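One structure below.
Numbering of residues begins at 1 and proceeds along the displayed sequence.
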Amino acid sequence: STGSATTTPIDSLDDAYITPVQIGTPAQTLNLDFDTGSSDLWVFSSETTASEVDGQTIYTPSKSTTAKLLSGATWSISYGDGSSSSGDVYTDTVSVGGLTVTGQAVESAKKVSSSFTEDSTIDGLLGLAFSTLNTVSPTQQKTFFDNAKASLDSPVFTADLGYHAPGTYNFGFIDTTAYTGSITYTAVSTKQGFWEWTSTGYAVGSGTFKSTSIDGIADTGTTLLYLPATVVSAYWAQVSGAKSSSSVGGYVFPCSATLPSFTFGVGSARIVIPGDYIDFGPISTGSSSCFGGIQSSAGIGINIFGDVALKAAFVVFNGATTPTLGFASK
């Protein structure tokens with residue numbers, strides 16, 4: 001089997017991407033944030049504290065003839081950015097782009113943190129990291145991909161995120177028309193539960209490539225590119241007037257600037273992030289200070305190849321017995 005679904009930016013900055021997901025019988029379609037940095041499929045629901053729901057579409061398990069309470073199971077997740085959610089668990093039928101999993105754990109939120117409430121466009125998350133990170137207790141549950149894997153034509157999914165435009169998540173096949181050149185594959189460590197890999201270096205603009213190992217995670221659920229302070233300083237030094245602002249929480253730059261590209265290495269291959277992908281717009285409405293899309297990972301504890309990086313590539317998440325990641329230009 002295969003599946004193919006369009007993923008759409010939630011706003012004009014590509015702060016996140018939402019993908020429609022069918023849950024239950026009859027289908028209830030929710031727009032979920034596909035997150036290769038976590039492993040829980042959770043949704044706003046009829047059980048979510050009413051004051052914490054503000055415009056989201058909810059899953060109502062009582063209206064699904066295929067929903068079953070997973071007795072005794074609870075979940076609670078805290079993301080690295082400080083957001084969180086928790087609740088109980090149903091199993092139900094879940095379909096993405098025509099690919100159906102029966103008995104998928106659907107984690108129903110009883111509580112969500114303010115950042116989720118305040119984003120009316122995201123109805124929940126669909127985790128695509130390794131199932132070892134799933135938070136369901138006392139019986140850990142599998143991700144949608146893990147459940148689908150054996151049925152797929154090939155045990156892969158691909159992320160093709162758009163810049164200020166829709167893109168595609170495919171399951172079970174590689175669309176050879178969706179990228180240019182070849183896909184370069186690189187090793188993955190699953191030791192921390194992530195799609196963790198080592199970039200071979202970077203360049204800023206038309207500058208020389210610096211060969212250096214940068215361990216990080218391919219994370220569709222993180223907006224920005226978080227890299228070591230040395231790398232990030234080298235990038236922003238090429239933008240007149242750019243500075244790190246402790247009050248704002250990162251590098252800012254004059255909105256009048258033209259940003260240089262940023263290149264990262266995948267083996268001997270190179271992925272170029274155009275400068276415009278690194279612009280996250282005014283820090284507050286009407287400001288002429290703009291927020292940078294490349295930020296320091298210092299104090300995160302890990303480097304994160306978030307959407308800023310991934311949207312410059314066609315990315316293969318290869319879930320074969322020994323997982324790997326593939327990157328192609330597009």
Side-chain angles (χ1 to χ4, degrees), residues 7 9 11-17 36-37 158-168 178-184 186 195-240 242 244 250-255 257-281 290-297 300 302-317 325-330:
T7 192
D11 63 24
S12 66
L13 297 178
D14 300 345
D15 282 316
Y17 298 78
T36 63
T158 64
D160 179 11
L161 304 179
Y163 167 67
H164 292 358
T168 305
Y179 57 87
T180 61
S182 50
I183 307 176
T184 296
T186 195
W195 293 92
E196 188 172 0
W197 65 290
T198 301
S199 172
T200 48
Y202 70 98
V204 176
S206 59
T208 63
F209 187 84
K210 176 69 170 184
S211 292
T212 185
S213 295
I214 305 170
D215 183 290
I217 66 169
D219 185 2
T220 59
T222 291
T223 313
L224 306 185
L225 173 54
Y226 294 89
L227 292 172
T230 48
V231 177
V232 175
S233 181
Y235 178 80
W236 289 109
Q238 297 305 310
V239 181
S240 188
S244 183
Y251 281 88
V252 298
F253 68 92
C255 294
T258 300
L259 297 178
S261 65
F262 184 87
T263 300
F264 64 94
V266 181
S268 56
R270 305 289 180 254
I271 299 295
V272 180
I273 305 171
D276 293 340
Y277 290 26
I278 298 158
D279 176 20
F280 279 75
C290 274
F291 197 70
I294 295 178
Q295 297 293 347
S296 179
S297 65
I300 296 180
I302 198 158
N303 300 303
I304 307 173
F305 293 87
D307 299 334
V308 163
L310 302 182
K311 77 179 79 169
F314 177 89
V315 188
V316 181
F317 294 79
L325 276 168
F327 292 82
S329 296
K330 65 187 186 191

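- Contact detail for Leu325 and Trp195: the closest heavy-atom pair is CD1-O, 3.9 Å.
- For the ring-ring contact (aromatic ring centres under 6.0 Å, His included) with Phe327, the lone residue among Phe314, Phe317, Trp197 that qualifies is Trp197.
- Rounding to the nearest 0.5 Å gives a distance of 8.0 Å between OG1 of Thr222 and CD1 of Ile300.
- Ring geometry for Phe305 versus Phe264: interplanar angle of 30 to 60°, hence tilted.
- The minimum heavy-atom distance linking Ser244 with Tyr251 is given by the pair N-CD2, 3.7 Å.
- Tested against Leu225, the residues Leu310, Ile273, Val231, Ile304 include a single side chain to side chain contact (heavy atoms under 4.5 Å, CB included) partner, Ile273.
- Shown here are the side-chain hydrogen bond (donor to acceptor under 3.5 Å, both in side chains) partners of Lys210, two or more places apart in sequence or in another chain: there are none.
- Going from atom CG of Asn303 over to atom CD of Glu196 covers 9.5 Å, rounded to the nearest 0.5 Å.
- Shortest non-hydrogen contact noted between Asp14 and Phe280 is O-CE2, 4.3 Å.
- Under the side-chain hydrogen bond (donor to acceptor under 3.5 Å, both in side chains) criterion, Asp160 pairs with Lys330, sequence neighbours left out.
- In this structure, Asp279 and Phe253 have side chains that are in contact, with non-hydrogen atoms separated by less than 4.5 Å.
- Of the possible polar contacts, one joining the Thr200 side chain to the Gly267 backbone as a donor-acceptor pair under 3.5 Å is found.
- Between the CD1 atom in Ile271 and the CZ atom in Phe262 there is a gap of 12.5 Å [rounded to 0.5 Å].
- Side-chain contact between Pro166 and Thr7: absent, with no pair of heavy atoms (C-beta onward) separated by less than 4.5 Å.
- Side-chain atoms of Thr263 do not come within 3.5 Å of backbone N or O of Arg270 as any donor-acceptor pair.
- What you find for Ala312 and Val272 is that their closest heavy atoms are CB-O, 3.6 Å.
- With hydrogens and angles disregarded, a donor-acceptor distance shorter than 3.5 Å links the side chain of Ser297 to the backbone of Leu227.
- Side-chain contact between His164 and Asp276: absent, with no pair of heavy atoms (C-beta onward) separated by less than 4.5 Å.
- Side-chain atoms of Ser329 do not come within 3.5 Å of backbone N or O of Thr180 as any donor-acceptor pair.
- For the atom pair CD of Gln295 and OH of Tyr235, the computed distance is 10.5 Å after rounding to the nearest 0.5 Å.
- Here the shortest heavy-atom pairing between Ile278 and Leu259 reads C-CD1, 3.7 Å.
- With a 4.5 Å cut-off on side-chain heavy atoms, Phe291 and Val252 count as touching.
- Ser199 places a side-chain N or O within 3.5 Å of a backbone atom of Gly265 that can act as its donor or acceptor partner.
- With sequence neighbours excluded, the residues satisfying side chain to side chain contact (heavy atoms under 4.5 Å, CB included) with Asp11 are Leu13, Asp15.
- Taking 4.5 Å as the limit, some side-chain heavy atom of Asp307 sits within range of a side-chain heavy atom of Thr220.
- The shortest heavy-atom contact between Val239 and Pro260 is CG2-CD, 3.6 Å.
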